[PDB]
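Undergrad: sequence-free structure coming up:
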DNA sequence: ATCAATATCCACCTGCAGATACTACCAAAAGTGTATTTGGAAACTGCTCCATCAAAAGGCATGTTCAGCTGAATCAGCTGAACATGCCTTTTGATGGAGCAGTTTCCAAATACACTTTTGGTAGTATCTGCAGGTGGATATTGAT
DNA sequence: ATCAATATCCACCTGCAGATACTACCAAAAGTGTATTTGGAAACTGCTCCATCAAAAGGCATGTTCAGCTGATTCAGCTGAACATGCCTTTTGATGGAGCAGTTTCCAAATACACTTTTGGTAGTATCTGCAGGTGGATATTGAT
Ligand SMILES: [Mn+2]
Ligand SMILES: [Mn+2]
Ligand SMILES: [Pt+2]
Ligand SMILES: [Pt+2]
Ligand SMILES: [Pt+2]
Ligand SMILES: [Pt+2]
Ligand SMILES: [Pt+2]
Ligand SMILES: [Pt+2]
Ligand SMILES: [Pt+2]
Ligand SMILES: [Pt+2]
Ligand SMILES: [Pt+2]
Ligand SMILES: [Pt+2]
Ligand SMILES: [Pt+2]
Ligand SMILES: [Pt+2]
Ligand SMILES: [Pt+2]
Ligand SMILES: [Pt+2]
Ligand SMILES: [Pt+2]
Ligand SMILES: [Pt+2]
Ligand SMILES: [Pt+2]
Ligand SMILES: [Pt+2]
Ligand SMILES: [Pt+2]
Ligand SMILES: [Pt+2]
Ligand SMILES: [Pt+2]
Ligand SMILES: [Pt+2]
Ligand SMILES: [Pt+2]
Ligand SMILES: [Pt+2]
Ligand SMILES: [Pt+2]
Ligand SMILES: [Pt+2]
Ligand SMILES: [Pt+2]
Ligand SMILES: [Pt+2]
Ligand SMILES: [Pt+2]
Ligand SMILES: [Pt+2]
Ligand SMILES: [Pt+2]
Ligand SMILES: [Pt+2]
Ligand SMILES: [Pt+2]
Ligand SMILES: [Pt+2]
Ligand SMILES: [Pt+2]
Ligand SMILES: [Pt+2]
Ligand SMILES: [Pt+2]
Ligand SMILES: [Pt+2]
Ligand SMILES: [Pt+2]
Ligand SMILES: [Pt+2]
Ligand SMILES: [Pt+2]
Ligand SMILES: [Pt+2]
Ligand SMILES: [Pt+2]
Ligand SMILES: [Pt+2]
């Protein structure tokens, strides 16, 4: 019963996110569209965090790596250091 | 110094045809009648914000003259970087 | 082992001055500390730029003041300026 | 009668290299001078931050390289990293 | 036999999830996805637990906010149902496209 | 007596203004607006003419870009006429709110 | 000896703020008042948020401030909201808000 | 006495770039390779834009690059567009682009 | 379709704004060379805290039904585009004069050690309690008739 | 309307994850004092370029007309919400080990510092040239019929 990791972001999970976003009714094609959007979001952020890891010559991505990555994508996060 | 004219309602100096031309450059084909006041409104907000910061830079430098550079710094700060004026 | 500095103790103090009966979870304290680091960076960053623009070698309270004016919204700016001007006077007029 | 530096002559050299019969208007040159400064500020800035994050007091070609990777998109980053490495290698061998 | 009308439970869920702050994606599936995406940038990486957590927080913040804009776009077109073209428009206007 | 149908001159003007780069707002009316607004912040200021020109290039690029977003919001609504609700939507999604 | 925080009449650490400015590469030099001014400003804004975050805690029948209370304080204050308009407070959630057109027809 | 530019085989002024890193207050120390690498990235980027801008000038039967040519060059290239996604080139105008549904008939 | 109004597309075409050219200077870069300090790489290791996995938990995939939403079609009514017309306002080129900015002089303020006292962070340790959920029971809300 | 199903609200209960107080310690801030360097205000004035202005040059304001767009109305049929649960994926918490992070070390490369050479900026004065915008005059594009 093999499955893509992206598909692990399930319809009901996406449905909950939408709900917190105040969405009442959801078209069927939205779930695939959302997974795509998340994938681009994560690629851009992880790419940058990993760049921060490599520069530091570590093999572990630290929270700070991510926080720095977020800060420079203009999506500042509070709660994880820095 | 002896007298200097009073500035009022200059927003109306942004005419209907001027706004229409801007909308054309923006690819707009049909413009509803209320667009013109909305746009003047939006523009005055844009200018207040830019001029306020630029003027702040001016005063900090202790000058009476707002420079191209003051404007270019004000824009940079608001994430609307401008090329072509020493900036 | 290596020293890890945080604004936490001083945040806790201020909380005690402001809601003496109220406490703070770790996670919230972590947020408050980010917030303090973030704002320092923003204000220092801008002060730094102002000094350069004007070909000065020093970041003085004047630069910090203008930085606060450029960065903080109106009412928040006004109070911050006064709080800050107040502390520099108090600091001067004390042996 | 103070001196104002620009990248103009360097921009012109390079322009002759790539389009030998093409001129540049002084407004276009002004924009080009702004572009160069802007990119310089964005790379040095990332470089600055990156060093701090790693507790280093030296900006090296290695900080610049990561800044370049952070700042430039995809294919421009790839080519810039070559051009930079190339010039440093060449420079290392040449004294 | 009892039945709630289409949208009654939806409203009930909006209220519920707008009250709370827990992550709405299951931790493990999200972690695999994070690692797969990272594998394409560097091989054999490990992840601080808080690092994955930071990413989840940021991703869910992001998507929750995009659904607000999306919903305004649906409503602008006089619908109550969000469609990919709403997501698309929100992103284009945000300067993401 | 000859007449182009509504829409035809509009498209002609789009091609026309999309092709050129001159400022579209008259200079002096714009300079006055700048002085009015600035004076309301601080009296007795002067402006280098390049400061005013810099403000104009910035403001016109800002308004042209907003009209593109606004146009997209109207079309999303299945209209071809831009309205204040379109501009308000563009600005809301842009974070200008 | 008397500390500069106490001289300035402040909980926030003037010494630390001073050091951080020097080692932050902001300028070749740093005036004496600047870390004072800056520490004041930081203290103030911290008091402002904690103030409102406290209330939000009380409003919700609670004594310990959590991330949710900082979120509600920030996004219900027009000014704090703008200053943090591009910030995400982890574990903060969102404001309860439903678009009216989505409300059931009464 | 060979300039460091020539040693690295570069048009852009390495001396200048080294100097500006010091005065810019970016770190305590500047490494010898850094202005070399940076001056090369700077020169690569300006070559890329002048290449494409010259093409636009030529596509237009013009001999001098003007601001509109820089704008067509940047906006027509996916990567330069993104790198200067939040920059305004004075006197560049916009790319001709009219939305489908606005065109006449069917 | 064919006819006619009127915008559009070249091609050449003279004036000139702004681009390119030289000859001189020169302050300030940029380079060169040796004396002096040190940041950080290199290498060894201790112990967090990370990936793996077994056992325990509890959310989601599943198909059916149909409520109510979306999008197609039709259309009255009215708003905004085109254009004619009459003329105000902006653009353009010329000029004494405010303020920027160029140079020099000088001390209040900062950097730099050095030495003296401290506090903030950690870590072992034990000690404490706010509140997440559990419960159970009344009460509101929704939907059926 | 009444009615019954099921969600929600509330008061009270309690174990424990996570908040807090208390002690000992030290390395490292943080400060105090003494020796030195300088950054930039001040006091003055050359001189670029800004506010001001008169004449000249072209865009804006207005009102009328109706083409076609918006927004209202209705409707059919398509599409997503609601539904119930045990399979199966995630969660939890226990355990070796990888690598982050602390420590010591030592020199390749940093800064500083003083004469030595070069060059990029401007400024004064000169000749050159690409194209903006005028022209007429052959090729579309549009909209009436
Ligand atoms: Mn109080
Ligand atoms: Mn006024
Ligand atoms: Pt950190
Ligand atoms: Pt400048
Ligand atoms: Pt976690
Ligand atoms: Pt759709
Ligand atoms: Pt102008
Ligand atoms: Pt409308
Ligand atoms: Pt800096
Ligand atoms: Pt040198
Ligand atoms: Pt050392
Ligand atoms: Pt070291
Ligand atoms: Pt179970
Ligand atoms: Pt139905
Ligand atoms: Pt009609
Ligand atoms: Pt009308
Ligand atoms: Pt005078
Ligand atoms: Pt004067
Ligand atoms: Pt001055
Ligand atoms: Pt101390
Ligand atoms: Pt202590
Ligand atoms: Pt103590
Ligand atoms: Pt509870
Ligand atoms: Pt219960
Ligand atoms: Pt119950
Ligand atoms: Pt009823
Ligand atoms: Pt208890
Ligand atoms: Pt000290
Ligand atoms: Pt000096
Ligand atoms: Pt005219
Ligand atoms: Pt006329
Ligand atoms: Pt009609
Ligand atoms: Pt419609
Ligand atoms: Pt039906
Ligand atoms: Pt379906
Ligand atoms: Pt079950
Ligand atoms: Pt172990
Ligand atoms: Pt090992
Ligand atoms: Pt190991
Ligand atoms: Pt290491
Ligand atoms: Pt030269
Ligand atoms: Pt020379
Ligand atoms: Pt010259
Ligand atoms: Pt022409
Ligand atoms: Pt003609
Ligand atoms: Pt003609």
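TA: Nice, I can see it. Numbers count the residues shown, from 1 in each chain, chains lettered A, B, ... in the order given. Ligands and ions are numbered 1, 2, ... in the order given.

Undergrad: tell me the contacts of the one residue in chain A that gets nearest to chain B?
TA: Closest contact between chain A and chain B, by CB to the nearest CB, is at residue A:74 (8.8 Å). C-beta coordinates here come from the backbone N, C-alpha and C atoms, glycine included. By CB atoms under 8 Å, 6 or more residues apart in numbering or on different chains, the residues touching residue A:74 are residue G:86.

Undergrad: now the residue of chain C at minimum distance from ligand 4: how far from residue E:47?
TA: Closest to ligand 4 within chain C is residue C:53: 8.7 Å, counting by CB to the ion. From residue C:53 across to residue E:47, the span is 42 Å (CB to CB, to the nearest Å).

Undergrad: which SSE is the closest residue to the residue of chain C closest to ligand 4 other than its chain neighbours in?
TA: Of all residues not flanking residue C:53 in the chain, residue B:73 sits nearest, at 6.5 Å (CB to CB, 6 or more residues apart in numbering or on different chains). Taking DSSP states H and E as the criterion, residue B:73 maps to helix B:68-77.

Undergrad: Contacts only, for residue E:10.
TA: Going by CB under 8 Å, 6+ apart, residue E:10 touches A:19, A:24, A:25.

Undergrad: Pretty sure the first one sits against residue E:12.
TA: So the one you mean is residue A:19. No - counting by CB atoms under 8 Å, residue A:19 stays clear of residue E:12, with 9.4 Å between them.

Undergrad: So for these two, which residue has more residues nearby?
TA: For residue A:19 versus residue E:12, neighbours defined as other CB atoms under 10 Å in any protein chain shown are more numerous around residue A:19 (23 against 12).

Undergrad: what residues are up against the more buried one?
TA: By CB under 8 Å, 6+ apart, the contact list for residue A:19 reads E:10, E:13, E:14, E:16, E:17, E:18.

Undergrad: how about the residues of chain C near chain A?
TA: Contact residues, chain C versus chain A (CB under 8 Å from any CB of the partner chain): C:27, C:30, C:31, C:34, C:35, C:37, C:38.

Undergrad: can you do 6 Å?
TA: Neighbours of chain A within chain C, by CB under 6 Å from any CB of the partner chain: C:30, C:31, C:34, C:37.

Undergrad: does stretch A:75-82 come close to ligand 3?
TA: Yes - with CB under 5 Å from the ion as the measure, stretch A:75-82 is seen reaching ligand 3 through residue A:81.

Undergrad: Pull up the distance across that stretch, start to finish.
TA: One end of stretch A:75-82 to the other measures 14 Å (CA to CA, to the nearest Å).

Undergrad: Next: stretch G:9-26.
TA: Per CA to CA, stretch G:9-26 runs 26 Å from first to last residue.

Undergrad: what's the spacing between residue C:83 and chain G?
TA: With distances taken as CB to the nearest CB, to the nearest Å, residue C:83 is found 4 Å from chain G.

Undergrad: Could you verify that that residue is part of a helix?
TA: Yes - the assignment for residue C:83 (DSSP: H, G, I helix; E, B strand; the rest coil) places it in a helix.

Undergrad: Any figure for the gap between the residue nearest to the spatial centre of chain C and residue B:59?
TA: The residue lying closest to the centre of chain C (CA atoms, centre = their mean) is residue C:40, at 5.6 Å. Distance, residue C:40 to residue B:59, using CB to CB: 24 Å.

Undergrad: Equivalent analysis for residue G:74, please.
TA: Per CB to CB, residue G:74 is found 30 Å from residue B:59.

Undergrad: swap in residue C:37?
TA: Distance, residue C:37 to residue B:59, using CB to CB: 29 Å.

Undergrad: Get me the contact residues on chain A for ligand 3.
TA: A:64, A:81.

Undergrad: contacting residues around the residue of chain A found nearest chain C?
TA: Nearest to chain C, among the residues of chain A, is residue A:78, at 3.7 Å (CB to the nearest CB). By CB atoms under 6 Å, 6 or more residues apart in numbering or on different chains, residue A:78 lies in contact with C:31, C:34, G:89.

Undergrad: Tell me the one of those residues nearest residue C:95?
TA: Distances from residue C:95 to the contacts of residue A:78, taken as CB to CB, are shortest for residue C:34 (37.0 Å).

Undergrad: any idea which element the closest one lies in?
TA: Using DSSP H and E, residue C:34 falls within helix C:26-53.

Undergrad: Residue G:37 too?
TA: In the assignment (DSSP H and E), residue G:37 maps to helix G:34-59.

Undergrad: Up against ligand 7, what does chain C have?
TA: In this structure, chain C does not approach ligand 7 anywhere, judged by CB under 5 Å from the ion.

Undergrad: How many residues are close by residue G:59?
TA: Residue G:59: 10 surrounding residues under other CB under 10 Å.

Undergrad: wait, I meant residue G:22
TA: Neighbour count of residue G:22, defined by other CB under 10 Å: 14.

Undergrad: how long is stretch G:23-31 end to end?
TA: One end of stretch G:23-31 sits 14 Å from the other (CA to CA).

Undergrad: how far off helix D:26-53 does the helix holding residue C:34 point, in degrees?
TA: In terms of direction (axes from the mean of the first three to the mean of the last three CA atoms, to 10 degrees), helix C:26-53 departs from helix D:26-53 by 140 degrees.
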